[PDB]
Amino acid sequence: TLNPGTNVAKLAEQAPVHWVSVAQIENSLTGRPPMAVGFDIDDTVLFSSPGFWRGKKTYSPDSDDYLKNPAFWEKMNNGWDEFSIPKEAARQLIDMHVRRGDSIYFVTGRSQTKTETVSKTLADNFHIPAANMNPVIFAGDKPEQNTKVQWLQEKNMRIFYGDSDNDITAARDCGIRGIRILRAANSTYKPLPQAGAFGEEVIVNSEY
């Protein structure tokens, strides 16, 4: 197993996945009037692991307990995304939907905080025009919160983009089009999900 080798059958092997490009998505929307579309945030439009990594190293060195620590979220939602790297795949998707005049919504599962600068970070990085921009929506199971599925129905989103399985299942529970984005290999959120596990479309080269 020091020199495993390979063969051409293995080199050409393809996973039965429905791949698509931004251009093909645009083409499929030809003629449709403006609509509402939504994006997950982490690993979908932003490589935000730097902040999650510092948070982990600061509150739960050997675990993920920091995800439930209020002190982590106050900092994550109010500045640490200044270290989050915007994804090129998202930049192209957002420009494309803005050209169409569609309404752009960002739905996140991050713990809601009193204040947040995530909305500002998104609008500046992706040059979203005021007419298409909407404040970040924090979905959750809390009583004062609405779940992700309710927010997709409420805003009448017709397309939802995300890297996680719950992003795709949410779209399917609403009967809308859920499109998978690939999570970068160096994300700290492991293991990487299996893109295409629901027979959904997956955007090519969307890891960066």
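One rule holds for the numbers: they count along the sequence shown, beginning at 1.
Student: Determine, for stretches 113-121 and 77-85, which one has the higher mean CA B-factor as deposited.
Tutor: Comparing 113-121 with 77-85, the higher average CA B-factor belongs to 113-121.
Student: Name the higher of the two by mean Cα B-factor in the PDB entry, 176-184 versus 153-161.
Tutor: Result: 153-161.
Student: Name the residue from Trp53, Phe47, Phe39, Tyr59 with the greatest C-alpha temperature factor listed in the entry.
Tutor: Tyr59 has the highest C-alpha B-factor of those listed.
Student: Would you mind checking where the Cα B-factor of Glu144 ranks among the modelled residues of its chain, as the lowest, middle or highest third?
Tutor: According to the entry, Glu144 has a C-alpha B-factor in the chain's highest third.
Student: Taking the C-alpha B-factors as the PDB entry records them, is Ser206 in the lowest, middle or highest third of its chain?
Tutor: Lowest third of the chain for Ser206's C-alpha B-factor.
Student: Relative to the other modelled residues of the same chain, rank the CA B-factor of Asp43 and answer lowest, middle or highest third.
Tutor: Its C-alpha B-factor belongs to the lowest third of this chain's values.
Student: Once the chain's modelled residues are ordered by C-alpha B factor and cut into thirds, is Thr1 in the lowest, middle or highest one?
Tutor: It belongs to the highest third of the chain when residues are ordered by C-alpha B-factor.
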